[PDB]
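Trainee: these chains are from a complex, not moved at all, and more is on the way:
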Amino acid sequence: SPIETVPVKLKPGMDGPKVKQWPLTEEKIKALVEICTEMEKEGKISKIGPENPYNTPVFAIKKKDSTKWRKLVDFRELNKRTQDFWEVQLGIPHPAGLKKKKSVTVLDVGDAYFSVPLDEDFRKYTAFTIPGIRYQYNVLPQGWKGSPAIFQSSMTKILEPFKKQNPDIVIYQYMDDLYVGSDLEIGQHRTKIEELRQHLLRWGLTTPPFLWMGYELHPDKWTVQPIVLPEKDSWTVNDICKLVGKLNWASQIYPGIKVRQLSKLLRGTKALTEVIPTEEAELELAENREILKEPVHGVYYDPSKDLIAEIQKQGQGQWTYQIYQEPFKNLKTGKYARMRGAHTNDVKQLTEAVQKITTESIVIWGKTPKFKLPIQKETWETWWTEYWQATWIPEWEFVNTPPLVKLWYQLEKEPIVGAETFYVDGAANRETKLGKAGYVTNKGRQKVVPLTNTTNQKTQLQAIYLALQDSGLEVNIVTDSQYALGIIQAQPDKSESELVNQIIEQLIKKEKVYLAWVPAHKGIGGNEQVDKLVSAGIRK
């Protein structure tokens, strides 16, 4: 193994932590002895422990497929004192973000952790003893904190010459799998595979739809593994964890699959025999069946041709997106329904959706796709020109399909002749929570109504609500609290607080409306008047 090693260091002001090997039983020694002699005669573990004052814990267990007992080494105290190392692995790939490889194959190298050496200076921290006799690791040991990082670094450093010799071979490396493919003939494909096998054997490496972490990769397409669901009544805690994992791994690709019914029905359950009781769970699982009755099939990304995106609203602040390159040949689908912010509306959610989609396209495909938005050009330009923030989207076009994305109402910047003045205000004590709300008019048609368990903001909201309730066709309203100003000027359609929702539902039927703002407690028109009218026994 003439491969170059990696310089390894230790945390400053630290050293090898000693361990007091627990005296174990006897029905686990002979196997340990035979296995350490077997690993010693291979030349990857040395036994030089004459004066080394260090020790590491040793364990043994018989796992599934019981044929023999194997050794186990732990570093619960060694990895803690070991300096931190960079972790290159930070995400997961996507099946749709692949290419079209006619001659595709897979390859994995098992037990390759022994085929990589370790720094001789760092080998001082591999005190592996057993009742005595001590051994020292000479290769990368299992369970090491920096084992996968060093392994993948060595893998890349050893396959880079093969990439230099043949840059026209698409290679998708991983922890141990080597997803290699190209567009060559079967003979040329086998020749390249044999050349790669010889290249790995140069350093002594074992060279022996598809499966990719549960995915299905066909030569001409790709799809998700068809999941199933048991049809029993009881569900143990193991069954619970398993089914919730299945539905979580299925909801990431399929739409309309949620976990609110199982989350709400599986609260506080820490037992194993607990038989959770309902019709809601039954209908949710039947919908999951119906959706999983027909499997979806994606298409590999084509680098030559571009790709188009589109989004269609489904109702109740839920929006689904599609990514495609050819008509009806969609790559992947999904859903976006997060209520970002207290007050949201149509174009704000559309901007959030398009930014999420372009971020996904950057992280998956590394480019920006064209968008087919179901909205008009002049509406969007008026919106972003008449907004107090900065919102920009890439090039797009219009598609005629319900439901259309429009604005339920608009606003003005100057009063209208024939309107009526409306000075509104209202507050309550910080302990009684019993406040009122009124207003004034030219003709003198005021109206005060008390409230119960309300805050000043909600008092002003109720005041403007009752103002717009008995108003004419075109009225103007002036207030003082900038909170209602910011709420109304944003022009929402769906908010968390239903109060503003009923307010906008009452205002939308009105043709025109104008808003203003005046500093309170300055005697401006009817502000101080309504303040004195509503402050009866709440001011002093």
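Mentor: Looks like it arrived, so ask away. Numbering: from 1, shown residues only, chains lettered A, B, ... in the order given.
Trainee: from here on, just use CA atoms for contacts and neighbour counts.
Mentor: Will do.
Trainee: let me see the domain layout of chain A.
Mentor: Structurally, chain A divides into domains by automatic domain parsing as follows: A:149-223, A:227-294, A:308-398, A:436-534.
Trainee: in chain A, which residue is most central in space?
Mentor: With distances taken as CA atoms, centre = their mean, the residue of chain A nearest its centroid is residue A:252 (9.3 Å).
Trainee: list the residues that contact that one.
Mentor: For residue A:252, the contact set (CA atoms under 8 Å, 6 or more residues apart in numbering) comprises residue A:334.
Trainee: can you give me phi and psi for it?
Mentor: The phi and psi values for residue A:252, taken as degrees, to the nearest 10, are phi -70, psi -20.
Trainee: now the closest residue to residue A:478 other than its chain neighbours, what's its secondary structure?
Mentor: The spatial neighbour of residue A:478 that comes closest, neighbours along the chain excluded (CA to CA, 6 or more residues apart in numbering), is residue A:516 at 4.6 Å. Three-state assignment for residue A:516 (DSSP: H, G, I helix; E, B strand; the rest coil): strand.
Trainee: one more, chain B:
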Amino acid sequence: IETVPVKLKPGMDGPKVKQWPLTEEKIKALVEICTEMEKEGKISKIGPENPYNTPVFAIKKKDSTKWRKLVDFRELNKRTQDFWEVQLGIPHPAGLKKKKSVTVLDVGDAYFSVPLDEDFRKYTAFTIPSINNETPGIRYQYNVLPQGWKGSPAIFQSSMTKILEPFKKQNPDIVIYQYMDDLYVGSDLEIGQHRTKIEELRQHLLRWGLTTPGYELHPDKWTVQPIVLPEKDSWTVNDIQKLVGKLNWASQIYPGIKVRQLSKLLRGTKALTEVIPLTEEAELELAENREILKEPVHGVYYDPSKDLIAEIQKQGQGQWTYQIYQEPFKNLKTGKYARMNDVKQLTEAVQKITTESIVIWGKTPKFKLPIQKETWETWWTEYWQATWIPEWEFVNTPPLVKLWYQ
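Mentor: Chain B now in position relative to the chains above:
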């Protein structure tokens, strides 16, 4: 070469912030430049032996089609400030903001010719991303002085002045200021004379192999624009309401402002569209407020120790306003920016703002942009044409600043 020993500060480690994704078209230029920079010995590949990581992105520089790479050293600079701040720093002259012309220059090629300390290279490790996370990150490590970390000019200024002395002696009126990799020149001559002098300086810098191809700014056109009020014969109730609101807000800025006479005309509860006769007393107070407004707000100094804050807002149709202040309501400099896509204009505005603050005071001010975090974080690499990264955040604006201007 004897590299100056540079160290970090105890208690804080190096930067370990993640790297946002990029586009494959940018990855092409990234590979095509890092291969050359590694063949030139400026960088070298490393492994996972160092957990420190700093993001890297690329821009499309003007005057050519190259893709100059840059590293956001915000964390490194924020953690090593004290070194270049008290150990070896450079003061800020005041004569450059009174000249006629100024030309921006880059001297990164000079930084690319000096080795860096070996014990410090483990903190400037930069990594490039990969598409679909298939190929692991191709890590690298700097071997020369990088661009973005303000310690490299702090340690290079010696040789910089040593090289610029032979030609700056015959030109006593010239000014040289290098807060970062950028380079500004102070000249109060005509456009032709400034052109000749700047091409002479280009020759002087290329004498040592410096490939150097907004560009020419003017500091004399920077006047303080205070709050302006409308003056029309028609005075509706809405107009006087907006006026009293604006002046009640500005009372924190202008102390000697009252609402005595203005609060009398609007006392009668009436409608809004009607016109009210403006009395001479309210007219006198309005004229007083007008003549006080044009006077610059006194008492606003410049603290060379505290930080800077430069808020920016958007009015519409490109009407970008901006205010700079070290303390709330203690504005130091205002202005306007309009008549230049929705993010390109914002990037140009923040670029102009930070350039003016650098050539005036010499300190990158913190920004408050009125934009969502994810959108700008993903689209700020489109039209960015600078070489360093400033500090910023994401805060909304109240519904009052929209009435600060027309």
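Trainee: re earlier: how much space separates the residue nearest to the centre of chain A from residue B:133?
Mentor: In this structure, residue A:252 and residue B:133 are separated by 19 Å, where distance is defined by CA to CA, to the nearest Å.
Trainee: so residue B:259 sits in a strand?
Mentor: No. Note on residue B:259: no strand contains this position according to three-state DSSP, which reports coil.
Trainee: make sure it is actually in contact with residue B:246.
Mentor: No. Residue B:259 lies out of contact with residue B:246 (CA atoms under 8 Å); the separation is 11.1 Å.
Trainee: which one's more surrounded, the two?
Mentor: Under the criterion of other CA atoms under 10 Å in any protein chain shown, the comparison of residue B:259 against residue B:246 puts residue B:246 first, with 19 against 15.
Trainee: and the more buried one, backbone torsions?
Mentor: With angles defined as degrees, to the nearest 10, residue B:246 sits at phi -60, psi -40.
Trainee: ok, now which ones touch it?
Mentor: B:403-404 (CA atoms under 8 Å, 6 or more residues apart in numbering or on different chains).
Trainee: here's RNA strand C, drop it on:
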RNA sequence: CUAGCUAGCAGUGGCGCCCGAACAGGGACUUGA
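Mentor: To build on what is shown above, here is RNA strand C added in:
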């Protein structure tokens, strides 16, 4: 160090407890109208 004198691994994915880090809502301190 943990679990009932005795037994006591790690990584990957998942659903479950506590704390910290970001967004949104209620009280105290300070400064002015």
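Trainee: re-run the earlier check on the contacts of residue B:246 with RNA strand C in the model.
Mentor: Applying CA under 8 Å, 6+ apart, the residues near residue B:246 are B:403-404.
Trainee: next one: it from RNA strand C, what distance?
Mentor: Plainly put, residue B:246 is 12 Å away from RNA strand C if you go by CA to the nearest atom of the strand, to the nearest Å.
Trainee: so how far is residue B:323 from that residue?
Mentor: 16 Å.
Trainee: ranges for the helices of the chain?
Mentor: As the question left the chain open, I've gone with chain A. Along chain A, counting by DSSP state H, helices occupy A:29-42, A:78-81, A:147-165, A:186-201, A:237-251, A:260-265, A:279-292, A:346-364, A:377-385, A:456-469, A:482-490, A:498-508, A:527-534.
Trainee: nope, chain B
Mentor: So, for chain B - with DSSP H - the helices run B:24-39, B:74-82, B:108-111, B:151-168, B:191-206, B:237-250, B:262-265, B:280-293, B:343-360, B:373-379.
Trainee: any bit of stretch B:363-370 sitting next to chain A?
Mentor: Yes. Stretch B:363-370 comes into contact with chain A when judged by CA under 8 Å from any CA of the partner chain, the residues involved being residue B:370.
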